[PDB]
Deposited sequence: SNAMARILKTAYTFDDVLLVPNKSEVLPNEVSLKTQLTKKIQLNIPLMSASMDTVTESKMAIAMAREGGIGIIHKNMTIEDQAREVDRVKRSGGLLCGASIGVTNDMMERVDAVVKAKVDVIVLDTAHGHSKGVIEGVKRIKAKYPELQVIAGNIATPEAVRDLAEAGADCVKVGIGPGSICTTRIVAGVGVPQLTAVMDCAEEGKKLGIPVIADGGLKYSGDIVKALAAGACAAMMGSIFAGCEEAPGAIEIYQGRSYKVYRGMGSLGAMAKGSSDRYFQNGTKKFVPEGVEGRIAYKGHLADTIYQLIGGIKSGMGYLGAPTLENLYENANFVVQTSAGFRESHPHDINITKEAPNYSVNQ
């Protein structure tokens, strides 16, 4: 037992403005998901059964990003959804794999469906199972892009890079539907965990991904400046028409079902997630336009023409509970709906 440090999340921190020569319209958002794979926008959608299936992956890829088809469907149906995505336009497609007995069975299936990236995700990425699971997959298909998750420590990044992972997913406990930190007392405040594993990722030359904890466009900006190659989201996308689950109406307003993959309903081990509903946002292209527009804005403040240039010249400052109340709209009664704020 030893208390090492104080760790921070996104709303603990703020990016200090830099001398700018670029405006939000000239900066680029292209990023390298892995060595082979690059994205025109650094956004991914979460490998969950209430966020991403065929229709969502196609939309995300059509916006320059990429989606990860979840793993709560039968093997036959998983390669089939991958098939639908790759067929229409030859877009980027991701498949979620679990450390199971029929692991190589799915991996063999979606590889046949010409998937771009296998991402195997678990609750505990720094484990004996996932490591050898990566080696097993990477042995059969050496050129296949593997993304392993989830971890929260730089030591974990080392062993996954050693195992053969071409990318890493960072974040234990920061999910909006997550209860891991509550029912297991385990996790690292996302921001600290990200820049800890991102810096360790730069040294070995592997990209890391921030997963969960993002509410606004400004949080993604902080994640990127912390060294993250991309950001994966669930709640921001779950209320979009391209997301699975029908529309439910309660008290006049429209909703979509959203739940963790470790909640009681999804696993149909004690639950490490909850189930609820999220506000229906409309079409994805309208949400992404705001997210992209917000990122370009922040990078313009920090005078970064590229995402590489952002990580190098970004400085963080820590705010308190007082500073956090100042950072949000205050002392006014909001009467008109903003497209990027509550």
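- Of the deposited sequence, the ranges 1-4, 273-286, 361-363 have no C-alpha coordinates according to the record.
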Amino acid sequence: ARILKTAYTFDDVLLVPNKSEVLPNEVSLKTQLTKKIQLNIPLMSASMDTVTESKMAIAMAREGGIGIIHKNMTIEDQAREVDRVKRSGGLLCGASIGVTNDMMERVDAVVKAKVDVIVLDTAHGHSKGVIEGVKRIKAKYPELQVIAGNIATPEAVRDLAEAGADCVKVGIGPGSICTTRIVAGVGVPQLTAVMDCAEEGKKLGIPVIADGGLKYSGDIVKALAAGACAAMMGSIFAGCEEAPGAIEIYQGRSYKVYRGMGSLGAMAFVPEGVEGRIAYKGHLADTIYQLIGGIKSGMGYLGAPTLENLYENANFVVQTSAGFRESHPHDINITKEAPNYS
From here on, numbers count along this sequence of modelled residues.
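- Higher average CA B factor: 113-121, of the stretches 113-121 and 224-232.
- Stretches 80-88 and 148-156 differ in mean C-alpha B factor, with the higher average recorded for 80-88.
- Each of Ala198, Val257, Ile131, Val183 has a CA temperature factor in the record; the biggest one is found at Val257.
- Across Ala285, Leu310, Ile295, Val317, the greatest Cα temperature factor reported in the deposited entry is at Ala285.
- In this PDB entry, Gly303 carries a Cα temperature factor that places it within the lowest third of its chain's modelled residues.
- When all modelled residues of the chain are sorted by CA temperature factor, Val270 is found within the highest third.
- The deposited CA B-factor of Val170 belongs to the lowest third of values across its chain.
- Among the modelled residues of its chain, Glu162 has a C-alpha B-factor that falls in the middle third according to the deposited record.
- For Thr192, the recorded CA temperature factor ranks within the lowest third of the chain's modelled residues.
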